[PDB]
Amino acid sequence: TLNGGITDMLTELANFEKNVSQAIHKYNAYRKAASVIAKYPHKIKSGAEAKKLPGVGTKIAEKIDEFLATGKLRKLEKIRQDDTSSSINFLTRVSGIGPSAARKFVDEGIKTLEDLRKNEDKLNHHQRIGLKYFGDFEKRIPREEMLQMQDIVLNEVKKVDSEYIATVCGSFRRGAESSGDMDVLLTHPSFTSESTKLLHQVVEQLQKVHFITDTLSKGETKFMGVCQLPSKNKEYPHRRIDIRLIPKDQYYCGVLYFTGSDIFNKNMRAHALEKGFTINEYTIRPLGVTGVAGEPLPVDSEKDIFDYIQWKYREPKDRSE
């Protein structure tokens, strides 16, 4: 809301750099800038003001001055007017089509949903499912539906083994009134950092009751697929579901990772590296002079990882952009 013009402009630029330029570090720079501006508790009145925030430099300050003066950005007007850029940006919205595949498609004259549907022979299984549920996957999930989904997943997991614990993470755990998809963190006492089909049994039970409808990818620790709520005698949209099986003794690094947000995580890990540590979904470690990280540090809470880095604990609701 506050500074929404500016954060929309920077997000649109980020998406162009990732999807069209294939410049992931410019995507991240624009996202980091939009994130810090979104948290700033004042209406920005100049680029000079904004330049004082970490991750805003000369170039973004100039773009903020243009936007504040005119209510638009000439660079974005030109991007929006380029059919090629617009086609490439559009195809990346398809699950399984990234910047490289999108550019290949558009170079071969595939520029629309109709072109993709006429050229399904050119798509892999992941892209075919992304195409089938394209409209469904653009939609967000109201928290009321996330609650029903939580209730099916937790009930079916308990039926496979009462010792599993399933935790719905991502935007849901941050308290969002709607979610892009469902993220489930799974633990079982039989899988720790010390000893080793725990994920498979859960996926199979959710397929058997027809909640999971399609598989995009599946290994020993990560499931990526599609699910659907049962409906009365209009169907619910198909939804994306992610399931991550994490070592039970690494639950807190796991839940911290899977709660996000994404920008919160990259910011928190970048701030660990400047403070001499490395954080992944499993552990927090101190860095050696040799480049090789040391032994996993003891962790009894999410707060304990904040502490090692000297951060005020943020409740999950305070980890959103």
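Throughout, we count residues from 1 along the sequence that is shown. In this text, rigid core is short for the largest set of C-alphas that superpose within 1.5 Å between two forms.
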Return whichever of 97 to 105 or 81 to 89 has the larger RMS Cα deviation from the displayed form in 8 other deposited structures of this protein, where every structure is aligned on the rigid core. 81 to 89
Once the rigid core is lined up, would you tell me whether 114 to 122 or 218 to 226 has the higher RMS CA deviation in 8 other deposited structures of this protein? 114 to 122
Could you tell me whether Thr196 lacks coordinates in at least a third of the other compared entries whose models cover its neighbours on both sides? yes
Enter the number of deposited residues without atomic coordinates between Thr196 and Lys197, binned as none, 1 to 3, 4 to 9, or 10 or more. 1 to 3
The stretch whose C-alpha atoms carry the larger average B-factor in the entry, 268 to 276 or 250 to 258, is 268 to 276
Do the C-alpha atoms of 78 to 86 or of 178 to 186 have the higher average B factor in the entry? 78 to 86
Deposited CA B-factor, highest of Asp214, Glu156, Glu108, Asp136: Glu108
What third of its chain's C-alpha B-factors does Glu163 belong to: lowest, middle or highest? middle
Please say which third, lowest, middle or highest, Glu295 falls into when its CA temperature factor is compared across its chain. highest
Divide the modelled residues of the chain into thirds by Cα B-factor and specify which third, lowest, middle or highest, holds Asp242. lowest
State the tercile, meaning the lowest, middle or highest third, of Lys51 with respect to the CA B-factors recorded for its chain. highest
Could you look up the Cα B-factor of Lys18 in the entry and say which third of the chain it sits in: lowest, middle or highest? lowest
